[PDB]
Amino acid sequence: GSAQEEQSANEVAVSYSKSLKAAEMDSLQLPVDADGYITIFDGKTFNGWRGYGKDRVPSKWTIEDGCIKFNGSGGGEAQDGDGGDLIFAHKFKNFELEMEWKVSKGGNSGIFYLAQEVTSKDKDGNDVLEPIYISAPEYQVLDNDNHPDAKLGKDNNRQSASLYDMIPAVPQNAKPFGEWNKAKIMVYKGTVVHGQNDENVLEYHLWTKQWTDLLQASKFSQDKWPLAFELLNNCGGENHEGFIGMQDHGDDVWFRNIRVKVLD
């Protein structure tokens, strides 16, 4: 029948949550292509998106020219002002995400996945929000030629599309600052693959001895950061699932064409 009815036919109900650790008790009708990718950013609104830990989108995240933009002040991990990491508030388990990203000269951001909203108790019994990165693996987003982090870590494991500070992207086929790069993150039954610019650049396996050993060699080791170790070692929590999101690392960055295929 109508264009409206055909559109409703080529759409799927996608649950989302509205605030810290809330149930996903509302749904968006989102477009799906023939390959099964759900477009999760519509080019115009933040529907389904919110700050990690928040009930709203921080004002440092804007929409511009069909992109999600983070507007940075230059303070790295500080997350000053009305910032913070952004999530699409729908937990995925087995999925393939594709999106494009572009950084400013010298810029740094990241794509998080399998994220959990985590709090801990302070000395007075009050809940405190823990960083997204103590639960969520990080796909690096970087100007590999100008941000000095590119030269740090080991074997270029802090360059774009790396599992940040843990496993390097090989080949390192990033395009330079100001150009669009294509990211792929696939999680399927614990196998994780990163892609960049239509090439697979690393592979790893969650919930294995090898994964534990990698974490024990990281800043999230059991000795250095017990809570992070516990969360990452059983990445995704009891149900092995979580949110996709993007990082406030204080620098201008743009994201577009954000789509996710649910794998079974």
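Counting begins at 1, following the sequence as shown.
- Stretches compared: 30 to 38, 56 to 64. Higher mean C-alpha B-factor in the entry: 30 to 38.
- The stretch 5 to 13 shows the higher mean C-alpha B-factor when 245 to 253 is compared against 5 to 13 in the entry.
- The PDB entry gives the largest Cα B-factor of the residues 127, 138, 117, 85 to 127.
- Taking the PDB entry at face value, the top CA B factor among 90, 105, 194, 93 belongs to 105.
- Ranked against the other modelled residues of its chain, the C-alpha B-factor of residue 206 as given in the entry falls in the middle third.
- Residue-level temperature factors show residue 152 in the highest third of its chain, judged at the C-alpha atom.
- Among all modelled residues in this chain, the alpha-carbon of residue 263 has a temperature factor (C-alpha) in the highest third.
- Residue 76: CA B factor in the middle third of modelled residues in this chain (values from the PDB entry).
- Among the modelled residues of its chain, residue 50 has a C-alpha B-factor that falls in the lowest third, as given in the PDB entry.
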